[PDB]
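Trainee: Provided herewith is a single structure, encoded as structure tokens, for subsequent inquiry.
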Amino acid sequence: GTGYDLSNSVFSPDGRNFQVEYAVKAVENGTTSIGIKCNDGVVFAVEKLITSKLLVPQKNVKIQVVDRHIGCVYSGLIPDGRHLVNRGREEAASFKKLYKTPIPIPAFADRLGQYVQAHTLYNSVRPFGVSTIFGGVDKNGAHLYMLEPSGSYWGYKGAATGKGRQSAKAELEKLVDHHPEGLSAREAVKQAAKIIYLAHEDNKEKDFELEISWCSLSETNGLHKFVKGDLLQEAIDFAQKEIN
Amino acid sequence: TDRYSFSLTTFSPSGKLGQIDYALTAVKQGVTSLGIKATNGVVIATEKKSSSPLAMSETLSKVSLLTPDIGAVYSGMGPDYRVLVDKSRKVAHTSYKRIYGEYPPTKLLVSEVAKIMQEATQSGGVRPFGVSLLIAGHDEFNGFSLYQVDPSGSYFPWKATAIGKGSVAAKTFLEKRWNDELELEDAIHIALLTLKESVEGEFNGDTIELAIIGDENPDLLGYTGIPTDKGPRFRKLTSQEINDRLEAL
Amino acid sequence: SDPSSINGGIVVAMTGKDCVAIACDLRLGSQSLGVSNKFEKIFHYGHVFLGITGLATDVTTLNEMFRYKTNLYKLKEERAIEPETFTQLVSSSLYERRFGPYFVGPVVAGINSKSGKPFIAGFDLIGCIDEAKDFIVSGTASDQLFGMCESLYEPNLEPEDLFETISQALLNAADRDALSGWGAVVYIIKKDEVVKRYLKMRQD
Amino acid sequence: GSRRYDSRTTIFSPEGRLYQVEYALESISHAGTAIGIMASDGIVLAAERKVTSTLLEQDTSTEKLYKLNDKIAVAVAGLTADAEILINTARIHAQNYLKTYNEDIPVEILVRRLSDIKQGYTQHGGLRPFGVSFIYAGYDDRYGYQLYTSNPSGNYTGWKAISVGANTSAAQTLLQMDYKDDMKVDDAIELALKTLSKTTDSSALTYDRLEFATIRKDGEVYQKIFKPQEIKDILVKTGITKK
Amino acid sequence: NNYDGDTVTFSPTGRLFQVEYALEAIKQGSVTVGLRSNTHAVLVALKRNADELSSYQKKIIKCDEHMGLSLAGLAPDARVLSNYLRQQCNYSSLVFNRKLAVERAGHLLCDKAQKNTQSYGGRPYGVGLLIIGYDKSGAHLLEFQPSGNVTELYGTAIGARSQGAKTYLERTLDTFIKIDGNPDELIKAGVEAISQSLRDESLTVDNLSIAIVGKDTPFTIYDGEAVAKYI
Amino acid sequence: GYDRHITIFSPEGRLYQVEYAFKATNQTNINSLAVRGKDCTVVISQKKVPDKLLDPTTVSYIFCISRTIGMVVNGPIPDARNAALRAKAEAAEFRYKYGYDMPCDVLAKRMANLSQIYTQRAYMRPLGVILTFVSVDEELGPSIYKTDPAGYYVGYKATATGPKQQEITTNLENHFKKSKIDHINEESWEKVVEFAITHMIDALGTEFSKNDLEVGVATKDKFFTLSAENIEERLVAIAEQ
Amino acid sequence: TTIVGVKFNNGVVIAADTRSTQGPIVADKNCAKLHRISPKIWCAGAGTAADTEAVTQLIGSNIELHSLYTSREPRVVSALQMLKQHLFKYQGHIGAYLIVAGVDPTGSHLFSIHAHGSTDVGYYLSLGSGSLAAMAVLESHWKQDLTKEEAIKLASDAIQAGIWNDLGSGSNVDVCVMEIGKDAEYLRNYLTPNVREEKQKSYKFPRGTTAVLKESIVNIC
Amino acid sequence: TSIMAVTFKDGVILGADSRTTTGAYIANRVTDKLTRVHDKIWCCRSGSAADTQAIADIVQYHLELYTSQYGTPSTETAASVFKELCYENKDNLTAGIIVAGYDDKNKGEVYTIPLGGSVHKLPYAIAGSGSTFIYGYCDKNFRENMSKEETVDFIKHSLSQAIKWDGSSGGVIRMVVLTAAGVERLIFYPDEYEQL
Ligand SMILES: CCCC(=O)N[C@@H](CO)C(=O)N[C@@H](CC(C)C)C(=O)C(CO)CO
Ligand SMILES: CCCC(=O)N[C@@H](CO)C(=O)N[C@@H](CC(C)C)C(=O)C(CO)CO
Ligand SMILES: [Mg+2]
Ligand SMILES: [Mg+2]
Ligand SMILES: [Mg+2]
Ligand SMILES: [Mg+2]
Ligand SMILES: [Mg+2]
């Protein structure tokens, strides 16, 4: 027979859900986005494809914040990412309301994972067309997670998704191999800028705008803040020096 | 959301309800289970087909008590039978015992499980149950009775019958071996002999499940002091009793 | 005022040697005003008798409900309901309206067709079974009926004597109740025969 | 979504026919034959059991004839479980009418209620219809003895004599041949047994393969479901079997 | 093509064909341009007519004294979306005594539109919206697509032949971005942009709609003779 | 045609979606086994961390359902976590409503009933997971109960799940035929962990390091999971065997 | 009502009086207030008699279904939790005051449940109108480690104290003993201290004393 | 009721009486008012026995689920669950709770949830009908970072006074010591503390 890929939540004879894999195809066509877990925090970075110079620079923000300590970036269908972030914000709000403490990063990851996986159980809904790198600092330290359209999530030393996900990943691994003791927060910021500039080569036809945020226990006091101003320009210059 | 608000079991142009016939097919591939009604009790038997020898057979109990005087066995898809016995035990209380203070007659509980199965063959977004049941019971005003319930919700009373793979052969045996002067022990013996043909592997107390609806067992009641509380008529035979009755064949 | 004391009426059942007796007054009134001299409060479903005292509308409603339920019972089970089973049915039906109760006081009486044992039972408005093998009283004159039955009753009475006993109990209890009386009916029930007698009593 | 799997059971064919109703009637055409005959002083229902075996208990068996109240009975042809669902609803409606009006429900009112229940499935809900045809035999003071039939379409008709199930054409031809208006209930019993014996697919017509019922007259109406022994007696009495 | 039956089906490529068909419904719509400076924001709308006896359909909708939109595509879906935006601005004003930021309005429209691209039954909205507004952050112009993607721009155009106005604004960016405090010149730049998107037509009084919002200028719409000075 | 996409009957009386879910259970290419001791129950599982970017501590298929029940899942991690969350919820609700800790077999029956529902209702797809619950029940002792996508569930003297399931099953069958008992006659749970690791290394034919295994131990009124260091202790002690 | 429960060395006994009253009137002289929730889980009820009977029957039905589902002997703590949550839902409007005792795989257990949903644990408990008298007896005679006979005597004496000294209690004494390992022992009318003395006269009437207006046979066929 | 909870150098100690009253009648003289909602998170209950039992059962369920999902909960989290139950149901509840817990990061912690559903973190908390008679005494005698022995003595004297003056408090004095060593149960009998 055939037609197994026409509906969601339908098992193929080899045990696959083809709609989720098509969602992953939709993810891979998205812009590059990475996350680096450092010694006392996490850094998130994303490439914004400047289709034209009519786009107002520094606007059209992609990095989103959940509660005051969780940072989320996603590659794929931007609206699906916004929907997932809204659901995660509701989850964090309910968790804070009931248990007082802000939601831990693994707990939030499982909330998002159950939501995304539930979107693969019925033919009346479409799987999420985003992959999400999120994380932050809780009472147990820094946590970075990546979550797939299937609902699968894992904890990562470093994560990357989008078009330039290959190159980025390689670069990330080099980091993990070169200094296993870890990067500092600002070092991780500059390195994320470098990795986004390097992974932009798979989209070198159009110009891009770098966007970096971070959540560090020492540099941001556990809160999620956009890397802007002098530190952002410093990271951009480090990237320019690393590409040439 | 649940967009399956339509029947998944419809009439074909030939008049067949395809899903009901396919559920009956799924039953036909089930392990042989039989029932024989005597004059002083009813017997229901089946084979305890265990997939892995590492699996503990005692947990895989194919005979299930419904009321202290009504038990059940099946042929078909185990899990459907498990959820059906749970629903039957519940409906025995909600629809009868909590209304009349006494457990329901065998025919009424059988009709309730038949109603459940018929709902499964007509409600929206659901397949029929993939099992056929043999219900053996005793009530005060109908005596002992043995009923068979099909995925369609159709139920019929049998003097004796069998369902599953060896159904035809077992039923022929029973037809040529049953009489209205039969005793509970003679019925247990005939049930063992009929199972012996439908079981190719080892044939002992460990591999077969056998239960009876016979006389009341005050020792199985758990309490004494109520002369009207006679005790349960349903009794599952232990492996040792099965072996003792097998050694004398 | 009090729903069980608006219409008045009394029902009483007794057991004898292989028989039961169930009697009721005939009056239906609205407080002091007496309206109907013919309001019987005893009904029978197959061979099980049920007397209902209290709010008249609830008496009628419960009669119709139990007719409904016993007819469906006979259709599903292909046999008439037994007095003990019917007692449990009345209890469950009454308790189903635990917080919006019927203002009634039912009395079940009958011979078990399979065991031959006489059986009577009583309930309150929320269905509390009172299993008594001797007598059951209900109605506005429940205290007078209690006294009359506790004095006059002796076990294992023949029907011709159980009739006199239950009739004197009902009559003398009704004479001391303003809201009961105006006639009376007595059913003497054996296994294969049921006799219904209209008593002569004071019409005040 | 799920719209690809919806068979749409309540749609019209280009000829103005309901697919599921036609297929359920075709299903019922293979059910055991049931016959109703209305004499001047009674009604007779007879039916042949499709399910037959030496090991099938007949004393405790009710497959084709069912009591609705104390004055109305039904002969069933088709899915017995759908039939029991509808019979339960009909009994409840009859008892509702009794509680409301303190009178037994007239036969046509009950038949029409059950037919409306059947028709509902053929217009909305997206569910399959009930694969059951009914022959209602009843008595009321307004019209006397009444005989009706109802098929899965929800349509119901009134007959002097009628048959449903297998071999309905042959049975209807035989009844039209041998039916007279002024006949009594015993002649109707004989005619029903003769039609069932002439239209059966088995070798001979035995007591174990048929169910029988009579609604007759003491000034009262008595509803009798024939027992296996009574069936055997009436069979040897009408000359279909010996002893 | 078996993957364009509804919005819950991804194609093997990873595409959502119903969303693409809604975008194509936009591309068949009439042209409308939006642009902004640092003090003002202008929408120009060439409203299409069914014929010469027809009325050039209303193409610019006011959402609040500080925010409005123009539409290209299915007018009913633009009515639904504009009503939702009006209700959101109204909620902001009533509950928080706060003028709703244009960025937040774009986010709300994005979520409202995304809700229709993931559930069976129903469709994405067949409209594209140009949203202008002046708030505490200055002037703002947003482009909204049925996919849910909302992007903030200095200028853009949507509808039939919108690429002409798009490239015009791409070249004229440094010119009109500095038209601060002179609404007439900004409107003239927008009208020249929308003129760059004409093939066999020419702007007249009947087929022109203008909308302006700014520092000391609430969202105002000019229709008919009011636009004659800009032709 | 469409009878292969929803949980309805094929003409052969088969539910193809259930079979395809069973197939999906082996998608992770991880084997696991469970064995019973004198007063404990051990579960070992393979720990495959392919990406160097992965945090190995977060890569797990063993779940702490309750304080007494552990659950190892063979299948995709989304369905695994779905079933694990459902099992935790059911166990907590059971303890609340009935005042005693949920027994292992009762939780197995609950999850199996939910699986049966998924195979009978068409709107919900089956979960492509095989759930192995282990505990030391207060009434049954060491207990292993397994549930599959079909809604079937059964207890085991020992069990194994995964692609190489049959090989471990055969090894265990042979050991129990030789030993003539249905458990491991060892008093300490460490020795039972050692036994389990030894027999998995023998059946699979591959050595294991401390980063290649996941060990969950259930003892009376406790279920825990060993750290890499505790597993390293078990392996080091195995070296002398 | 007067109901008590006493734990001894190898189990628990509960006991109750057999008097049911509607105000000052004795409605039932031999009411059975010991209800079986499960074969080895019994409980005595006080308060609105209908409520006690209904709540015990409901929780027993659910406990039987639960035991069939879990294939285990029912636990007294299960019945306790179910009763307490059902009573708490109704904020005391189900006026049932129960003493629930029994034996299960975990041992012997004795608890009390009040109509508002509060539960208490103890080695000896009393409830009902005669609870204060019975409790006096218990506080005066209970000791750690009682035998089966000592506990039965103590419980019956408490019920007797309630019978003699409390107007709401009277008639006979029902007992239910539950030992660990044995079957439950339900002693109906274990004692009958109050039996009506012989009357001075037979009040049988001579037939024909009652005037009859109309007589007829009733058809029940 | 008379209940209290006192923090000290090594952890926390909860103390309660054992008297459950239905009016002037002592319905139960061996009541355990110290309820475990988690391993090292307990509570002292005062007010409606049924209400406190239901609230504690629901909090124990919530904390069991919380532990199964996210790990061991902080004492503040148990206080928050109690607070949500008491505040969102203040109209139908009569419950005063003292939640006392021990963890390694914060040592001992005491929260009090009075009527109305507010929460207050305190070095020690007193509650119940008898606590009114020991406010001055406890305020004059409590010290920060006491030893275990001095804390047991402080609780013993305070609760003995409360039992002496409050007719609704009596029976034995129960205590639960929550430290890193774990959970310790203490009992003091009338013949012991009545002569204090
Ligand atoms: C049947 C008449 C209606 C009714 O409900 N009567 C109640 C209270 O009027 C009653 O008989 N209560 C008994 C309890 C038993 C009967 C279960 C009791 O608890 C003591 C005092 O606590 C009273 O003897
Ligand atoms: C049998 C049910 C009757 C009941 O619920 N009594 C309550 C209300 O008085 C009660 O005993 N409250 C105690 C609290 C303990 C029970 C946890 C208390 O707090 C002080 C005063 O605050 C009185 O000892
Ligand atoms: Mg009078
Ligand atoms: Mg008068
Ligand atoms: Mg399914
Ligand atoms: Mg007394
Ligand atoms: Mg005191």
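Here, A, B, ... name the chains of the structure tokens in the order displayed, residue numbers run from 1 inside each chain, and ligands are numbered from 1 in the same displayed order.
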As a quick test: using only C-alpha atoms and all ligand atoms, which residues lie no more than 6 Å away from ligand 1? Give them as a ChimeraX atom specification.
Mentor: /C:128 /G:1,19-23,33,45-50,128-129,168-169
Trainee: Go ahead and save the residues from that selection, with C-alpha atoms, as a CSV table (one decimal), in the first residue's frame.
Mentor:
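As a result, out-v4.csv now contains:
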```csv
chain,number,residue,atom,x,y,z
C,128,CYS,CA,-33.6,3.2,55.2
G,1,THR,CA,-26.6,4.3,68.4
G,19,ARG,CA,-31.6,-0.2,68.3
G,20,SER,CA,-32.9,2.2,65.7
G,21,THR,CA,-34.9,5.2,66.8
G,22,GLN,CA,-37.0,7.9,65.0
G,23,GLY,CA,-36.8,10.6,67.7
G,33,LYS,CA,-25.4,-1.9,62.2
G,45,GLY,CA,-22.3,2.9,61.5
G,46,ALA,CA,-24.0,5.7,63.6
G,47,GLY,CA,-26.0,8.7,62.7
G,48,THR,CA,-28.4,8.8,59.7
G,49,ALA,CA,-28.9,5.1,59.2
G,50,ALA,CA,-29.6,5.4,55.5
G,128,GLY,CA,-22.7,7.1,68.6
G,129,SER,CA,-24.9,8.6,71.3
G,168,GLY,CA,-30.6,5.9,72.0
G,169,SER,CA,-29.1,2.5,72.5
```
Trainee: Could you list, as a PyMOL selection string, every residue within 12 Å of residue 140 of chain C, counting only C-alpha atoms and ignoring same-chain residues fewer than 3 positions away?
Mentor: chain C and resi 2-12+24-25+27+31+52-55+104-105+137+143-146+170+173-181
Trainee: Which residues are near segment 72-87 of chain G? Cut-off 6 Å, only C-alpha atoms, ignore same chain within fewer than 3 positions. Put them as a list in words.
Mentor: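 Surrounding residues, per the criterion: residues 98 and 99 of chain F; 67, 90, 104, 115, 116 and 117 of chain G.
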Trainee: How far is it from atom CA of residue 193 of chain B to atom CA of residue 26 of chain B, in Å with one decimal?
Mentor: 25.4 Å
Trainee: Find the spatial neighbours of residue 101 of chain G, counting only C-alpha atoms, within a cut-off of 8 Å - ignore same-chain residues fewer than 2 positions away - and output them as a list in words.
Mentor: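 So, after excluding close chain neighbours, the residues are residues 5, 12, 13, 14, 41, 42, 43, 76, 99, 103, 108, 109, 110 and 111 of chain G.
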Trainee: Any chance you could export the current selection's N, CA and C atoms as a PDB file, in the first residue's frame?
Mentor:
```
ATOM      1  N   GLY G   5     -14.998  -0.289  68.877  1.00  0.00           N
ATOM      2  CA  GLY G   5     -13.987  -1.119  68.256  1.00  0.00           C
ATOM      3  C   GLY G   5     -12.782  -1.265  69.162  1.00  0.00           C
ATOM      4  N   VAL G  12      -8.824  -7.518  65.501  1.00  0.00           N
ATOM      5  CA  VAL G  12      -9.678  -6.422  65.942  1.00  0.00           C
ATOM      6  C   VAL G  12     -11.122  -6.902  65.980  1.00  0.00           C
ATOM      7  N   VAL G  13     -11.866  -6.424  66.971  1.00  0.00           N
ATOM      8  CA  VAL G  13     -13.284  -6.714  67.104  1.00  0.00           C
ATOM      9  C   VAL G  13     -14.045  -5.397  67.056  1.00  0.00           C
ATOM     10  N   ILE G  14     -15.209  -5.409  66.417  1.00  0.00           N
ATOM     11  CA  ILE G  14     -16.132  -4.286  66.489  1.00  0.00           C
ATOM     12  C   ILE G  14     -17.448  -4.799  67.045  1.00  0.00           C
ATOM     13  N   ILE G  41     -13.129  -6.780  56.015  1.00  0.00           N
ATOM     14  CA  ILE G  41     -13.188  -5.357  56.337  1.00  0.00           C
ATOM     15  C   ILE G  41     -14.630  -5.046  56.701  1.00  0.00           C
ATOM     16  N   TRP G  42     -14.885  -4.831  57.985  1.00  0.00           N
ATOM     17  CA  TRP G  42     -16.218  -4.537  58.480  1.00  0.00           C
ATOM     18  C   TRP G  42     -16.218  -3.147  59.098  1.00  0.00           C
ATOM     19  N   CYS G  43     -17.411  -2.607  59.321  1.00  0.00           N
ATOM     20  CA  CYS G  43     -17.502  -1.279  59.908  1.00  0.00           C
ATOM     21  C   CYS G  43     -18.885  -1.091  60.512  1.00  0.00           C
ATOM     22  N   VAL G  76      -7.610  -2.113  54.389  1.00  0.00           N
ATOM     23  CA  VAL G  76      -8.478  -1.285  55.219  1.00  0.00           C
ATOM     24  C   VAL G  76      -8.209   0.190  54.966  1.00  0.00           C
ATOM     25  N   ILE G  99     -16.998   3.297  62.346  1.00  0.00           N
ATOM     26  CA  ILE G  99     -15.802   2.689  62.904  1.00  0.00           C
ATOM     27  C   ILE G  99     -15.456   1.533  61.981  1.00  0.00           C
ATOM     28  N   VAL G 103      -8.738  -6.770  58.691  1.00  0.00           N
ATOM     29  CA  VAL G 103      -7.410  -7.335  58.502  1.00  0.00           C
ATOM     30  C   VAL G 103      -7.133  -7.422  57.008  1.00  0.00           C
ATOM     31  N   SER G 108      -3.679  -5.990  61.011  1.00  0.00           N
ATOM     32  CA  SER G 108      -4.978  -5.603  61.545  1.00  0.00           C
ATOM     33  C   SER G 108      -5.036  -4.090  61.718  1.00  0.00           C
ATOM     34  N   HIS G 109      -6.202  -3.511  61.436  1.00  0.00           N
ATOM     35  CA  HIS G 109      -6.365  -2.065  61.415  1.00  0.00           C
ATOM     36  C   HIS G 109      -7.720  -1.678  61.988  1.00  0.00           C
ATOM     37  N   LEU G 110      -7.740  -0.550  62.700  1.00  0.00           N
ATOM     38  CA  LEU G 110      -8.949   0.001  63.306  1.00  0.00           C
ATOM     39  C   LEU G 110      -8.898   1.518  63.195  1.00  0.00           C
ATOM     40  N   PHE G 111      -9.916   2.104  62.563  1.00  0.00           N
ATOM     41  CA  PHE G 111      -9.999   3.541  62.362  1.00  0.00           C
ATOM     42  C   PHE G 111     -11.423   3.999  62.641  1.00  0.00           C
TER      43      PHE G 111
END
```
Trainee: With only C-alpha atoms as the counted atoms, please give the residues lying no more than 10 Å from residue 204 of chain G, apart from itself and same-chain residues fewer than 6 positions off, as a PyMOL selection string.
Mentor: chain C and resi 152-154+157+161-162+164-165
Trainee: For the residues in that selection, give me N, CA and C atoms as a short mmCIF file (atom, residue, chain, number, x, y, z; two decimals), in the first residue's frame.
Mentor:
```
data_model
loop_
_atom_site.label_atom_id
_atom_site.label_comp_id
_atom_site.auth_asym_id
_atom_site.auth_seq_id
_atom_site.Cartn_x
_atom_site.Cartn_y
_atom_site.Cartn_z
N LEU C 152 -51.09 -5.66 70.58
CA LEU C 152 -52.00 -6.69 70.07
C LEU C 152 -51.29 -7.84 69.37
N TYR C 153 -50.07 -7.64 68.88
CA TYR C 153 -49.45 -8.62 68.00
C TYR C 153 -48.93 -9.82 68.79
N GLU C 154 -49.12 -11.00 68.20
CA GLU C 154 -48.51 -12.25 68.61
C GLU C 154 -48.15 -12.99 67.33
N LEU C 157 -50.03 -16.10 63.39
CA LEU C 157 -51.48 -16.00 63.39
C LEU C 157 -52.05 -16.50 62.07
N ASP C 161 -57.42 -14.58 61.93
CA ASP C 161 -57.09 -13.89 63.17
C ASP C 161 -56.15 -12.71 62.94
N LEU C 162 -55.17 -12.88 62.05
CA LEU C 162 -54.32 -11.76 61.68
C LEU C 162 -55.14 -10.61 61.11
N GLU C 164 -58.31 -9.76 62.01
CA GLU C 164 -58.88 -9.06 63.16
C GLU C 164 -57.83 -8.23 63.87
N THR C 165 -56.63 -8.79 64.06
CA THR C 165 -55.58 -8.08 64.79
C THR C 165 -55.19 -6.79 64.06
#
```
Trainee: Can you list, as number ranges by chain, every protein, DNA or RNA residue that comes within 9 Å of segment 117-131 of chain E when you count only C-alpha atoms, leaving out same-chain residues fewer than 4 positions away?
Mentor: A: 80, 123-128; B: 1, 3; D: 1; E: 6-9, 16, 18-19, 21-27, 29, 32-34, 43, 67-78, 81, 102, 105-106, 113, 140-148, 156-159
Trainee: Please give the complete set of residues from segment 24-86 of chain H that DSSP, run on the backbone, assigns to helix (DSSP H, G or I), formatted as an MDAnalysis selection string.
Mentor: chainID H and resid 49:70 75:86
Trainee: DSSP on the backbone: which residues in segment 81-168 of chain G end up as strand (DSSP E or B)? Give the answer as a ChimeraX atom specification.
Mentor: /G:96-104,107-113,119-121,124-128
Trainee: Can I get the selected residues back with N, CA, C and O atoms, as a compact mmCIF listing (two decimals), in the first residue's frame?
Mentor:
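Okay, again_17.txt is ready:
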```txt
# COMPACT_ATOMS: atom_id res chain seq x y z
N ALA G 96 -22.83 10.23 58.40
CA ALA G 96 -22.38 8.88 58.69
C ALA G 96 -21.15 8.95 59.58
O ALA G 96 -20.16 9.61 59.23
N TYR G 97 -21.19 8.26 60.72
CA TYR G 97 -20.07 8.17 61.64
C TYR G 97 -19.72 6.70 61.78
O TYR G 97 -20.49 5.93 62.37
N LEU G 98 -18.59 6.30 61.23
CA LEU G 98 -18.25 4.90 61.06
C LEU G 98 -17.03 4.54 61.90
O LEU G 98 -16.16 5.38 62.15
N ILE G 99 -17.00 3.30 62.35
CA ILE G 99 -15.80 2.69 62.90
C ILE G 99 -15.46 1.53 61.98
O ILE G 99 -16.20 0.55 61.91
N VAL G 100 -14.35 1.66 61.25
CA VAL G 100 -13.95 0.71 60.22
C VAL G 100 -12.78 -0.11 60.75
O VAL G 100 -11.72 0.44 61.05
N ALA G 101 -12.97 -1.42 60.84
CA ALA G 101 -11.91 -2.32 61.27
C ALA G 101 -11.74 -3.43 60.24
O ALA G 101 -12.59 -3.64 59.37
N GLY G 102 -10.62 -4.12 60.33
CA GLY G 102 -10.41 -5.24 59.45
C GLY G 102 -8.98 -5.75 59.51
O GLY G 102 -8.15 -5.26 60.28
N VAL G 103 -8.74 -6.77 58.69
CA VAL G 103 -7.41 -7.34 58.50
C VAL G 103 -7.13 -7.42 57.01
O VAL G 103 -8.03 -7.72 56.21
N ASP G 104 -5.90 -7.13 56.63
CA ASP G 104 -5.46 -7.19 55.24
C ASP G 104 -4.04 -7.73 55.21
O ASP G 104 -3.47 -8.01 56.27
N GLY G 107 -1.78 -6.33 57.94
CA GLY G 107 -2.04 -6.57 59.35
C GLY G 107 -3.46 -6.20 59.71
O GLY G 107 -4.35 -6.12 58.85
N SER G 108 -3.68 -5.99 61.01
CA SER G 108 -4.98 -5.60 61.54
C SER G 108 -5.04 -4.09 61.72
O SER G 108 -4.05 -3.46 62.12
N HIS G 109 -6.20 -3.51 61.44
CA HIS G 109 -6.37 -2.07 61.41
C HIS G 109 -7.72 -1.68 61.99
O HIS G 109 -8.72 -2.38 61.79
N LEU G 110 -7.74 -0.55 62.70
CA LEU G 110 -8.95 0.00 63.31
C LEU G 110 -8.90 1.52 63.19
O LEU G 110 -7.96 2.14 63.69
N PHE G 111 -9.92 2.10 62.56
CA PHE G 111 -10.00 3.54 62.36
C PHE G 111 -11.42 4.00 62.64
O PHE G 111 -12.36 3.20 62.67
N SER G 112 -11.58 5.31 62.84
CA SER G 112 -12.88 5.94 62.91
C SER G 112 -12.95 7.04 61.86
O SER G 112 -11.95 7.68 61.54
N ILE G 113 -14.16 7.27 61.33
CA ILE G 113 -14.41 8.28 60.32
C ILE G 113 -15.65 9.07 60.73
O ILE G 113 -16.71 8.48 60.98
N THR G 119 -10.62 11.45 59.99
CA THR G 119 -10.36 10.07 60.40
C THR G 119 -9.38 10.05 61.56
O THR G 119 -8.48 10.89 61.65
N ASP G 120 -9.57 9.09 62.45
CA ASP G 120 -8.74 8.93 63.64
C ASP G 120 -8.30 7.48 63.78
O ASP G 120 -9.00 6.56 63.36
N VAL G 121 -7.12 7.30 64.37
CA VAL G 121 -6.54 5.99 64.61
C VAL G 121 -6.46 5.77 66.12
O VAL G 121 -6.18 6.70 66.88
N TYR G 124 -8.66 1.61 70.67
CA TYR G 124 -10.05 1.43 71.05
C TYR G 124 -10.79 2.71 70.71
O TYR G 124 -10.32 3.81 71.03
N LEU G 125 -11.94 2.57 70.05
CA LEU G 125 -12.71 3.70 69.57
C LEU G 125 -14.18 3.48 69.89
O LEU G 125 -14.64 2.34 70.00
N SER G 126 -14.92 4.58 70.03
CA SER G 126 -16.35 4.51 70.24
C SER G 126 -17.03 5.65 69.51
O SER G 126 -16.48 6.74 69.37
N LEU G 127 -18.25 5.38 69.03
CA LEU G 127 -19.04 6.37 68.32
C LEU G 127 -20.52 6.12 68.60
O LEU G 127 -20.92 5.04 69.06
N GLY G 128 -21.32 7.14 68.32
CA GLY G 128 -22.75 7.11 68.57
C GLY G 128 -23.11 7.89 69.82
O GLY G 128 -22.27 8.52 70.47
```
Trainee: From the set F:147, F:161, F:119, F:113, which residue has the shortest atom-to-atom contact distance to chain G, counting only C-alpha atoms?
Mentor: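 Closest to chain G, using only C-alpha atoms: F:113.
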Trainee: Using only C-alpha atoms and all ligand atoms, which residues of the polymer chains come no farther than 6 Å from ligand 6? I'd like the answer as a VMD selection string.
Mentor: chain G and resid 163 to 170
Trainee: Can you tell me which residues surround segment 49-58 of chain H at a distance of at most 7 Å, considering only C-alpha atoms, apart from same-chain residues fewer than 4 positions away, and format the answer as a count of residues only?
Mentor: 11
Trainee: Counting only C-alpha atoms and all ligand atoms, what are the residues, protein, DNA or RNA alike, that approach ligand 2 to within 8 Å? I want them as an MDAnalysis selection string.
Mentor: (chainID G and resid 114 116 118:120) or (chainID H and resid 1:2 17:23 27:28 31:33 44:50 52 96 127:130 168:170)
Trainee: State, in Å with one decimal place, the distance from atom CA of residue 178 of chain F to atom CA of residue 39 of chain F.
Mentor: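 Answer for the atom CA of residue 178 of chain F to atom CA of residue 39 of chain F separation: 21.1 Å.
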